[PDB]
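Peer 1: Before I ask anything, here is the structure I am working with.
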Amino acid sequence: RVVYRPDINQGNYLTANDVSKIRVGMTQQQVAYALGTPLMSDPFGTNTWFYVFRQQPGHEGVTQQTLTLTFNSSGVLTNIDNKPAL
Amino acid sequence: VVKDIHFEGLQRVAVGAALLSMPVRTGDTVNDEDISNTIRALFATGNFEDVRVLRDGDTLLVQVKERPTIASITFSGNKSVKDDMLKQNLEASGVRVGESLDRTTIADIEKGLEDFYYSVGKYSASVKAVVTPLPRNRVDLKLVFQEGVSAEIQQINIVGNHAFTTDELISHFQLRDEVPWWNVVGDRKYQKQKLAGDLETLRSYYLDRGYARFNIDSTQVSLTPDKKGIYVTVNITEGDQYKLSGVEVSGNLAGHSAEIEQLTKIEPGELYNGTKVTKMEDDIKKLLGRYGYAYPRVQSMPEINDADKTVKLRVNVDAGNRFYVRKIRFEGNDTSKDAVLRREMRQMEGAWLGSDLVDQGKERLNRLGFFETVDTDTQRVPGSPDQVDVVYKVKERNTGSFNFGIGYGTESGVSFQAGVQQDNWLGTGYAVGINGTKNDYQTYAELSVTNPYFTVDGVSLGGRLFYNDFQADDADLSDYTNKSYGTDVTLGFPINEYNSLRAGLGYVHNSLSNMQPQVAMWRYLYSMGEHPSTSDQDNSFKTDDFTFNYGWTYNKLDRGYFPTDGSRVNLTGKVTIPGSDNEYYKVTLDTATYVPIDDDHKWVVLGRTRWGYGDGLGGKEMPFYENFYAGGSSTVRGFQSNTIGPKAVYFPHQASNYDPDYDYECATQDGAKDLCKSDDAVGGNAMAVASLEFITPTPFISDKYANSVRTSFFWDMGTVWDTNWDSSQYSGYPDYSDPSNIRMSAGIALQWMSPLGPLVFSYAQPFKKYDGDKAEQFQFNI
Amino acid sequence: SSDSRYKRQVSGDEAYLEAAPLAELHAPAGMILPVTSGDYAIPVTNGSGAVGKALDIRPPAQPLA
Amino acid sequence: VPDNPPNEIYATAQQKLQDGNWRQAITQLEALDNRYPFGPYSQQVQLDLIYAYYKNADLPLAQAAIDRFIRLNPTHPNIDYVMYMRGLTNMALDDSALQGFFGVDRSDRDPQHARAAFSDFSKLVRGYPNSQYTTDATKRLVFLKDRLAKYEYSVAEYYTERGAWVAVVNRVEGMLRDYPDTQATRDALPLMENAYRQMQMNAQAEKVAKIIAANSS
Amino acid sequence: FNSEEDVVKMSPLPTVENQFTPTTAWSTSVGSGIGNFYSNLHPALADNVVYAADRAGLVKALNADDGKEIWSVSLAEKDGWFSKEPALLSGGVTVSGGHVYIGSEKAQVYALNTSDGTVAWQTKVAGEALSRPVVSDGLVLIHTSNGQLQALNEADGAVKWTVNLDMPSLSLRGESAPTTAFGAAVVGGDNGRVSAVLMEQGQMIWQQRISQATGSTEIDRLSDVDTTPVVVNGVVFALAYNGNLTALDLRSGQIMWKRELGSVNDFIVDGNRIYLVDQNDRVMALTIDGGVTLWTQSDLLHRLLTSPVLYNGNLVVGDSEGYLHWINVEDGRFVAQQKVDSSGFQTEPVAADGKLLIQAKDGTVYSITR
């Protein structure tokens with residue numbers, strides 16, 4: 001069957017709200033505890049951080065929200081990564 | 001200055017060892033200080049008490065009483081009391097096996113038993129604890145226990161009570177006065193905590209009722225000196241009911257407000273009684289828990305106005321522990337693979353609190369019944385106030401299966417009834433079921449195979465592969481032989497997890513050679529148009545049948561080893577597409593239900609029933625082997641196994657390609673040579689079977705024992721009527737067109753599911769049948 | 001389990017005498033590769049007891065009593 | 001069970017041990033332990049019982065005797081013997097060879113008994129890296145590390161199929177931090193790569209592919 | 001099913017001497033009534049009349065008569081969650097002259113000043129009922145062993161001075177109830193410390209710790225410790241719930257004559273002349289000389305007694321199942337020649353003059369004299 005599949009999630013939801021709570025840069029400790037668990041732990045090098053929600057609900061809709069920041073210091077960033085479904 | 005003297009008889013802590021144990025170290029200026037030191041320390045050590053200062057010349061010479069140490073406790077007297085609480089109260093008393101014996105501690109265990117009786121309730125302090133120092137090192141302790149006393153507690157002293165009838169309250173309680181002759185449901189007995197629980201019983205009772213000033217204040221215990229007529233008195237302080245017309249709330253839950261508003265959607269008339277909104281609070285509670293929290297602090301604080309009887313309730317509402325996510329773990333996985341159990345799980349990392357997830361995993365386990373400590377441990381994973389570890393216990397037993405029957409063929413090739421089940425073969429990710437009844441000339445071979453997954457969407461690798469060369473041989477095989485051979489294999493995408501109408505492939509052909517000489521057989525072949533014979537058992541049929549069938553299955557069951565909440569449902573229906581010899585419309589129906597009639601559940605009523613009918617090609621009689629046999633076996637017992645309904649009448653035949661002489665009872669070479677009354681029950685085309693039984697603990701066994709042992713009692717009822725039947729020829733013999741073959745019989749059934757032996761001992765005493773049913777008396781099942 | 005063992009040295013393979021490639025993972029000098037987190041280093045021993053089979057499978061000592 | 005004068009007690013027992021029917025010997029030694037506890041049999045009888053148990057592969061009896069001795073005696077000249085046998089029995093806890101034989105083996109079974117084994121052994125070496133025991137310790141140490149690498153491989157590739165491919169990711173990061181020294185781990189490296197594939201994450205995929213090239217397994 | 005108890009030493013009937021005729025001049029029942037359920041039953045006699053009541057408060061009067069028993073006041077309350085529930089039957093009874101004083105199971109006061117038969121004064125008050133109503137001059141004063149003092153005072157039905165005292169966890173079946181000696185409202189040790197709350201408006205006069213009224217210390221309890229007072233010659237013999245002796249007078253612990261020898265079941269400690277039956281079923285007639293007397297015939301064993309009523313020198317102590325035991329002058333000796341309503345004996349009798357007053361669990365008024 002390529003007709004249907006039970007619905008698919010990779011959660012820890014969020015919104016541009018707590019995003020607005022956040023901005024470019026503040027100590028990797030503070031934000032680290034602020035927006036939640038670091039979803040994709042960069043292994044090596046670039047403190048590249050990946051707030052991505054993924055949603056595939058049954059053959060009509062989607063949400064691939066992807067986020068990445070860089071904290072190579074006291075927690076300093078200049079990193080833009082947000083995008084809806086893709 | 002001493003020589004650490006000679007002892008014609010020293011044994012214990014010794015010349016030197018005792019030399020130093022007491023203030024009598026060789027080389028000492030000793031004063032009477034040391035003498036009293038010896039004396040007292042001798043008492044003191046708790047290893048030795050024969051205490052003296054007996055100096056020859058001035059050399060200490062002694063008759064000893066050597067008793068180290070405590071050696072033979074004798075828990076004398078244990079009526080319903082076990083020796084273990086005696087032992088544990090013993091170390092509680094400060095001495096034990098392996099303890100230094102200070103004869104001081106004695107009375108303690110007296111008390112240690114005496115007071116012990118209180119915690120039970122019933123108290124008969126008779127504590128005969130006597131010690132015998134056996135004079136080398138041995139000690140024999142006689143621990144004689146007399147406690148004649150019971151907690152038979154009936155003081156329904158219920159007072160302060162003028163709102164709910166005392167008797168109503170009693171009914172709330174666990175102290176009644178009559179043993180029903182219809183069902184065991186009554187209570188009369190004690191414990192401190194039964195007390196408290198009943199306190200809450202009536203309490204919750206009231207406050208639930210909407211009480212808001214109710215409390216209890218009287219607790220006056222009394223027992224007669226005879227220690228049995230137990231009267232204890234209690235009084236309360238009632239509350240005030242209300243009518244509700246006022247509401248307040250405060251939320252810091254991040255965004256679920258008017259969903260509450262209209263989630264309740266009350267209108268201006270509704271009454272106060274509190275537990276209603278307690279379930280409103282559970283509403284909004286799990287509402288948020290699903291939304292993505294775990295521990296908000298949310299309370300509904302009420303008020304008390306009667307000065308207008310005007311009450312308004314307030315609620316504080318936090319947001320909670322949104323996102324604590326850590327991997328899942330297992331413990332108790334020891335022969336099962338991680339991966340298969342993970343195939344069980346449906347959980348997903350990277351979300352927020354879902355009860356449905358973990359508790360369904362619980363239940364999915366419960367379904368398995370090979371292994372059980374269903375334990376979802378989901379504590380905060382330490383540190384990073386950001387996550388929660390997930391971990392899982394299970395307790396296992398070596399569980400494996402084989403069924404067969406006693407004999408016969410040990411005089412012959414080791415004969416096999418081999419149905420064997422690893423059930424760790426699903427430990428291969430897929431389980432195969434195998435039984436062949438490889439009987440001397442009955443070569444039954446089957447194949448059942450299921451991986452629950454071709455694909456995880458639910459499609460399960462389920463296949464059924466068939467052959468039997470059946471000969472039915474005692475003195476010949478040309479009475480009949482079958483190359484019989486068919487496979488049915490499922491295909492279904494079960495989208496709902498309880499809806500399945502599916503489309504697997506169902507085929508058989510069989511080679512049917514030299515069949516039997518019985519009247520039904522003849523007319524059935526006549527019905528096939530293949531008019532049969534008159535004196536042999538030699539004929540032909542090659543059966544090739546083509547299936548279009550749908551069927552639906554619905555089962556909710558808790559425990560895999562042994563359910564309690566039993567609702568299992570299985571239905572099959574076959575519309576047979578042409579090129580089949582018979583285009584049969586076959587309907588087969590079976591259900592089973594546990595109703596655990598109690599919440600301790602030790603009491604479960606079981607009802608099981610089944611329908612089987614064939615309506616297909618109105619235009620053929622039926623290809624027979626789709627027959628029904630039932631009864632006298634396990635679903636019924638006391639009778640011949642699977643023998644019911646329509647009989648089997650032979651027709652005058654003189655060969656089978658040699659049916660042997662001195663043959664079937666009649667209508668052949670034995671007895672009558674003509675048609676006769678050859679009554680050998682085989683049933684008709686509509687079968688109905690049902691057991692009506694109850695299941696109850698024999699508590700005379702350990703909790704482990706009953707955990708493995710099940711005791712029940714059955715009424716085993718079946719009838720099978722052949723929808724297609726005659727009276728014209730049966731102008732003298734019995735017939736079948738509606739349920740009349742109903743019987744009676746009841747039995748005791750006992751099964752121990754020991755890991756190496758699942759054990760069936762039954763005494764079903766047969767107390768009704770009909771014609772063609774034979775008696776069954778003693779045999780011990782699988 | 002006896003496969004010519006359980007008599008003078010531990011079971012299991014002797015291929016962990018020839019265990020998995022314990023190889024430095026490869027990138028140029030001057031990079032941090034935050035891989036490593038534990039007590040797993042195996043030194044160049046001189047022993048440090050017996051290597052092979054003829055050893056004591058027997059307790060390192062026994063008291064007559 | 002004998003109560004000869006107690007050396008002949010302990011001797012009829014050890015007579016059954018050298019006799020090899022170690023059950024009757026254990027009965028006899030317990031009776032000695034049943035009768036007289038005051039002095040140091042416990043040391044002698046306990047060694048007898050531990051050795052007999054674990055040579056019979058009486059695994060939990062071995063643990064029990066070992067522990068109740070180390071409570072009776074947590075420091076003698078036989079520390080290596082006992083701690084060694086503990087790591088061994090912790091191993092034996094993880095895997096049992098009784099169904100392993102129509103073609104069966106346990107490669108991704110109870111983590112925690114392997115935990116106990118690894119703990120005992122690394123403890124012992126960081127205390128006692130100088131014994132015939134130490135060699136077994138390191139041998140089985142790398143063995144179990146690789147073993148549980150494969151356990152992880154089982155579990156994580158299971159996800160990968162099941163589609164916790166990001167959870168796969170962080171698991172692989174786990175074994176990374178664990179050890180890049182055994183071959184399943186090598187094999188896994190491309191699995192994290194696969195995660196990068198399926199999760200649309202591109203340059204990281206390039207990088208992991210380069211690492212797959214670099215350590216080439 | 002049946003394995004919870006052990007053997008008990010019992011010596012039912014080893015000796016009887018027919019040297020007493022326990023005749024009867026009447027022998028009457030109105031039938032339980034009693035059942036088996038604690039309260040203060042006794043054949044109390046007023047001016048040659050015993051007003052025998054069985055259950056549902058049924059009173060019928062045998063007035064020193066060969067067994068006619070009629071003063072029909074057959075009364076359980078008109079009402080309830082049963083509408084005349086008669087059971088749960090324990091009531092306070094008093095006759096002051098011709099006035100009946102009945103509390104019903106829960107402090108239910110009823111003044112039947114017998115002139116019409118059932119004389120209709122009632123006041124229903126909350127609480128519970130254990131002991132007798134002690135009418136000190138219109139003052140229906142009761143202690144119930146919930147450490148409670150109640151003054152149903154009938155110029156209105158009840159004028160309330162409520163003095164709830166200390167109590168231990170186990171309610172003392174030795175009940176405290178007012179015993180008046182010279183204004184001496186003598187009420188015992190509620191945990192064993194004897195308290196005086198004498199009414200002026202409800203007035204705790206004095207206490208003095210005496211002994212233990214046992215409720216929670218795992219000690220000797222078995223002896224029938226009728227934790228009850230006997231003020232006489234000033235010296236008060238209030239049984240305390242640990243089985244040790246004490247004598248207090250001048251109100252006071254200024255004497256605590258505490259000679260212990262053991263513990264007793266039945267006592268009347270009358271002046272100095274003591275009549276004491278132990279749980280050994282050994283009776284002494286103590287004439288104290290330092291407190292030493294045991295005349296032990298434990299040849300009877302563990303049978304529940306009823307208050308030994310002496311008449312004609314004749315201390316007839318009633319123990320269950322048709323046995324009363326008639327200790328005349330000789331001590332501690334009698335002859336056990338018995339005929340009564342052998343219907344078990346389970347609570348105290350109240351007797352009168354040299355005759356006998358008995359009331360049965362099944363029968364009511366039997367005249368077992370000579």
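Going by the structure tokens order, chains are called A, B, ..., each with residues numbered from 1, while ligands are numbered from 1 in the order shown.
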Write out as a ChimeraX atom specification all residues of segment 513-695 of chain B that DSSP puts in helix (DSSP H, G or I) for this structure's backbone.
Peer 2: /B:519-527
Peer 1: For the selection just defined, write its residues with N, CA and C atoms to a file, as a short mmCIF file (atom, residue, chain, number, x, y, z; two decimals), in the first residue's frame.
Peer 2:
data_model
loop_
_atom_site.label_atom_id
_atom_site.label_comp_id
_atom_site.auth_asym_id
_atom_site.auth_seq_id
_atom_site.Cartn_x
_atom_site.Cartn_y
_atom_site.Cartn_z
N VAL B 519 -24.71 -43.58 4.30
CA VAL B 519 -25.90 -43.12 3.58
C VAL B 519 -25.78 -41.66 3.21
N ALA B 520 -25.34 -40.83 4.15
CA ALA B 520 -25.09 -39.43 3.85
C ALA B 520 -24.10 -39.27 2.73
N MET B 521 -23.06 -40.09 2.75
CA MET B 521 -22.07 -40.07 1.70
C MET B 521 -22.73 -40.38 0.38
N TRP B 522 -23.52 -41.44 0.36
CA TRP B 522 -24.17 -41.75 -0.90
C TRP B 522 -25.01 -40.60 -1.39
N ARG B 523 -25.93 -40.10 -0.56
CA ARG B 523 -26.85 -39.09 -1.09
C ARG B 523 -26.08 -37.83 -1.44
N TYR B 524 -25.00 -37.56 -0.72
CA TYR B 524 -24.24 -36.36 -1.02
C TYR B 524 -23.58 -36.47 -2.39
N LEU B 525 -23.08 -37.65 -2.73
CA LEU B 525 -22.51 -37.82 -4.06
C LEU B 525 -23.59 -37.81 -5.12
N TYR B 526 -24.71 -38.47 -4.82
CA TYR B 526 -25.90 -38.33 -5.66
C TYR B 526 -26.22 -36.86 -5.86
N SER B 527 -26.10 -36.09 -4.79
CA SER B 527 -26.29 -34.65 -4.82
C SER B 527 -25.25 -34.00 -5.71
#
Peer 1: I want to know what sits within 8 Å of segment 32-44 of chain A, based on only C-alpha atoms, with residues of the same chain fewer than 5 positions away left out; could you give that as a JSON list (two decimals) with N, CA, C and O atoms, in the first residue's frame?
Peer 2:
[["chain", "number", "residue", "atom", "x", "y", "z"],
["A", 18, "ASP", "N", 7.81, 32.56, 21.14],
["A", 18, "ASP", "CA", 8.99, 32.38, 21.97],
["A", 18, "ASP", "C", 10.23, 32.65, 21.16],
["A", 18, "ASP", "O", 11.31, 32.90, 21.71],
["A", 27, "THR", "N", 23.62, 34.19, 26.53],
["A", 27, "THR", "CA", 24.60, 33.15, 26.86],
["A", 27, "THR", "C", 24.04, 31.77, 26.59],
["A", 27, "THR", "O", 22.88, 31.46, 26.89],
["A", 49, "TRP", "N", 22.85, 24.54, 16.04],
["A", 49, "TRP", "CA", 21.73, 24.13, 16.87],
["A", 49, "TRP", "C", 20.45, 24.26, 16.08],
["A", 49, "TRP", "O", 20.24, 25.26, 15.40],
["A", 50, "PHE", "N", 19.58, 23.28, 16.25],
["A", 50, "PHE", "CA", 18.69, 22.84, 15.21],
["A", 50, "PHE", "C", 17.32, 22.64, 15.80],
["A", 50, "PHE", "O", 16.90, 21.50, 16.01],
["A", 51, "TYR", "N", 16.61, 23.72, 16.03],
["A", 51, "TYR", "CA", 15.24, 23.60, 16.47],
["A", 51, "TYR", "C", 14.39, 23.33, 15.25],
["A", 51, "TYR", "O", 14.11, 24.23, 14.46],
["A", 52, "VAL", "N", 14.04, 22.06, 15.06],
["A", 52, "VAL", "CA", 13.27, 21.63, 13.92],
["A", 52, "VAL", "C", 12.11, 20.81, 14.42],
["A", 52, "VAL", "O", 12.30, 19.78, 15.08],
["B", 323, "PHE", "N", 8.70, 20.00, 28.16],
["B", 323, "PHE", "CA", 9.56, 19.23, 27.27],
["B", 323, "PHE", "C", 10.68, 18.61, 28.09],
["B", 323, "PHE", "O", 11.76, 19.18, 28.21],
["B", 350, "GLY", "N", 11.20, 13.23, 21.40],
["B", 350, "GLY", "CA", 11.19, 14.56, 20.82],
["B", 350, "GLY", "C", 9.82, 15.19, 20.80],
["B", 350, "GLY", "O", 9.41, 15.76, 19.80],
["B", 384, "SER", "N", 20.25, 18.95, 33.73],
["B", 384, "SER", "CA", 19.72, 19.58, 32.53],
["B", 384, "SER", "C", 18.22, 19.64, 32.69],
["B", 384, "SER", "O", 17.52, 18.78, 32.16],
["B", 385, "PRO", "N", 17.71, 20.58, 33.44],
["B", 385, "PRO", "CA", 16.29, 20.53, 33.78],
["B", 385, "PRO", "C", 15.49, 20.66, 32.50],
["B", 385, "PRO", "O", 14.71, 21.60, 32.30],
["B", 386, "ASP", "N", 15.73, 19.70, 31.61],
["B", 386, "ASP", "CA", 15.41, 19.80, 30.21],
["B", 386, "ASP", "C", 14.88, 18.47, 29.67],
["B", 386, "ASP", "O", 14.40, 18.42, 28.53],
["B", 387, "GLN", "N", 14.93, 17.39, 30.46],
["B", 387, "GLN", "CA", 14.71, 16.05, 29.92],
["B", 387, "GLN", "C", 14.16, 15.07, 30.95],
["B", 387, "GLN", "O", 14.02, 15.38, 32.13],
["C", 32, "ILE", "N", 39.80, 20.12, 16.83],
["C", 32, "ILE", "CA", 39.12, 19.44, 17.93],
["C", 32, "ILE", "C", 38.05, 18.56, 17.32],
["C", 32, "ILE", "O", 37.33, 18.96, 16.40],
["C", 33, "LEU", "N", 37.96, 17.35, 17.81],
["C", 33, "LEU", "CA", 37.04, 16.37, 17.26],
["C", 33, "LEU", "C", 36.28, 15.81, 18.45],
["C", 33, "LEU", "O", 36.50, 14.64, 18.82],
["C", 34, "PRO", "N", 35.37, 16.57, 19.07],
["C", 34, "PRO", "CA", 34.91, 16.20, 20.42],
["C", 34, "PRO", "C", 34.20, 14.86, 20.46],
["C", 34, "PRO", "O", 33.00, 14.77, 20.74],
["C", 35, "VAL", "N", 34.98, 13.81, 20.18],
["C", 35, "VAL", "CA", 34.51, 12.44, 20.24],
["C", 35, "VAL", "C", 34.53, 11.89, 21.65],
["C", 35, "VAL", "O", 33.51, 11.44, 22.16],
["D", 166, "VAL", "N", 16.53, 11.09, 13.53],
["D", 166, "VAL", "CA", 17.18, 12.09, 14.35],
["D", 166, "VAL", "C", 17.57, 11.50, 15.71],
["D", 166, "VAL", "O", 18.66, 11.77, 16.24],
["D", 169, "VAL", "N", 20.36, 9.79, 15.12],
["D", 169, "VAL", "CA", 21.49, 10.70, 15.03],
["D", 169, "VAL", "C", 22.17, 10.81, 16.38],
["D", 169, "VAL", "O", 23.38, 10.61, 16.52],
["D", 170, "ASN", "N", 21.38, 11.14, 17.38],
["D", 170, "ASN", "CA", 21.96, 11.43, 18.68],
["D", 170, "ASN", "C", 22.45, 10.16, 19.36],
["D", 170, "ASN", "O", 23.46, 10.17, 20.06],
["D", 173, "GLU", "N", 25.81, 9.72, 17.88],
["D", 173, "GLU", "CA", 26.65, 10.63, 18.65],
["D", 173, "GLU", "C", 27.03, 9.99, 19.97],
["D", 173, "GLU", "O", 28.15, 10.14, 20.46]]
Peer 1: Got a sec: who's within 10 Å of residue 139 of chain B, counting only C-alpha atoms, leaving out chain neighbours fewer than 5 positions off, as a PyMOL selection string?
Peer 2: chain B and resi 66-73+101+131-134
Peer 1: What residues in chain D have any atom no more than 10 Å from chain B when counting only C-alpha atoms, and can you write them as a PyMOL selection string?
Peer 2: chain D and resi 34-38+93-96+99-100+104-112+151-152+154-159+162-164+166-167+170-171
Peer 1: Which residues are close to segment 82-85 of chain A, i.e. within 7 Å by only C-alpha atoms, leaving aside same-chain residues fewer than 2 positions away? Reply as a ChimeraX atom specification.
Peer 2: /A:62-67,80
Peer 1: Please, could you write that set of residues out with C-alpha atoms as a compact mmCIF listing (two decimals), in the first residue's frame?
Peer 2:
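Listing of selection27.txt after writing:
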# COMPACT_ATOMS: atom_id res chain seq x y z
CA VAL A 62 3.15 19.11 6.48
CA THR A 63 5.34 21.27 8.76
CA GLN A 64 9.15 21.14 8.51
CA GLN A 65 10.19 24.01 10.75
CA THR A 66 13.96 24.25 10.86
CA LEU A 67 16.16 26.42 13.05
CA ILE A 80 19.76 32.87 10.87
Peer 1: How many Å separate atom CA of residue 262 of chain B from atom CA of residue 242 of chain B?
Peer 2: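 Between atom CA of residue 262 of chain B and atom CA of residue 242 of chain B the gap is 23.2 Å.
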Peer 1: Find the distance between atom CA of residue 372 of chain B and atom CA of residue 393 of chain B and write it in Å to one decimal.
Peer 2: 8.1 Å
Peer 1: Which residues are near segment 91-107 of chain E? Cut-off 10 Å, only C-alpha atoms, ignore same chain within fewer than 6 positions. Put them as a PyMOL selection string.
Peer 2: (chain B and resi 159) or (chain E and resi 39-42+44-47+51+57+76-77+113-115+118-119+121-135+137-138+140+142+144+150+152)
Peer 1: Residues of chain D near chain C: apply a cut-off of 8 Å, count only C-alpha atoms, and supply the list as a ChimeraX atom specification.
Peer 2: /D:44,78,80-81,97,122,129-136,138-140,142-143,146,176-183,211,214-215
Peer 1: Write to file, as a PDB file, in the first residue's frame, the residues of the selection just made, with C-alpha atoms.
Peer 2:
ATOM      1  CA  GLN D  44      38.347 -21.120  54.061  1.00  0.00           C
ATOM      2  CA  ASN D  78      42.843 -12.637  47.534  1.00  0.00           C
ATOM      3  CA  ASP D  80      42.154 -10.137  42.688  1.00  0.00           C
ATOM      4  CA  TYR D  81      40.528 -13.577  42.748  1.00  0.00           C
ATOM      5  CA  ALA D  97      24.335 -20.121  26.668  1.00  0.00           C
ATOM      6  CA  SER D 122      37.917  -1.269  34.804  1.00  0.00           C
ATOM      7  CA  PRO D 129      46.604  -3.835  36.505  1.00  0.00           C
ATOM      8  CA  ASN D 130      49.154  -6.572  37.126  1.00  0.00           C
ATOM      9  CA  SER D 131      47.577 -10.040  37.070  1.00  0.00           C
ATOM     10  CA  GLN D 132      46.683 -12.984  34.932  1.00  0.00           C
ATOM     11  CA  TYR D 133      43.309 -11.515  35.782  1.00  0.00           C
ATOM     12  CA  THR D 134      44.206  -8.187  34.154  1.00  0.00           C
ATOM     13  CA  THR D 135      44.603  -9.832  30.762  1.00  0.00           C
ATOM     14  CA  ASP D 136      41.139 -11.366  30.899  1.00  0.00           C
ATOM     15  CA  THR D 138      41.183  -6.077  29.014  1.00  0.00           C
ATOM     16  CA  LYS D 139      40.245  -8.872  26.617  1.00  0.00           C
ATOM     17  CA  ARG D 140      36.616  -9.042  27.677  1.00  0.00           C
ATOM     18  CA  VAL D 142      37.177  -4.473  24.519  1.00  0.00           C
ATOM     19  CA  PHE D 143      34.967  -7.447  23.785  1.00  0.00           C
ATOM     20  CA  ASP D 146      32.406  -3.849  20.816  1.00  0.00           C
ATOM     21  CA  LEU D 176      30.795   8.266  19.096  1.00  0.00           C
ATOM     22  CA  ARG D 177      31.387   9.660  22.549  1.00  0.00           C
ATOM     23  CA  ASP D 178      31.480   6.028  23.617  1.00  0.00           C
ATOM     24  CA  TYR D 179      34.003   4.670  21.164  1.00  0.00           C
ATOM     25  CA  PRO D 180      35.030   4.877  17.534  1.00  0.00           C
ATOM     26  CA  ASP D 181      37.104   1.698  17.791  1.00  0.00           C
ATOM     27  CA  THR D 182      34.925  -1.275  16.819  1.00  0.00           C
ATOM     28  CA  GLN D 183      33.636  -2.230  13.460  1.00  0.00           C
ATOM     29  CA  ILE D 211      34.439  10.835   7.785  1.00  0.00           C
ATOM     30  CA  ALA D 214      38.412   9.026   6.355  1.00  0.00           C
ATOM     31  CA  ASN D 215      38.278   6.078   8.733  1.00  0.00           C
TER      32      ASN D 215
END
Peer 1: For chain B, list the residues within 9 Å of chain E, counting only C-alpha atoms, and write the list as a list in words.
Peer 2: residues 79, 80, 111, 114, 115, 124, 146, 147, 148, 149, 150, 159, 160, 162, 165, 166, 167, 219, 220, 221, 222, 223, 225, 226 and 232 of chain B
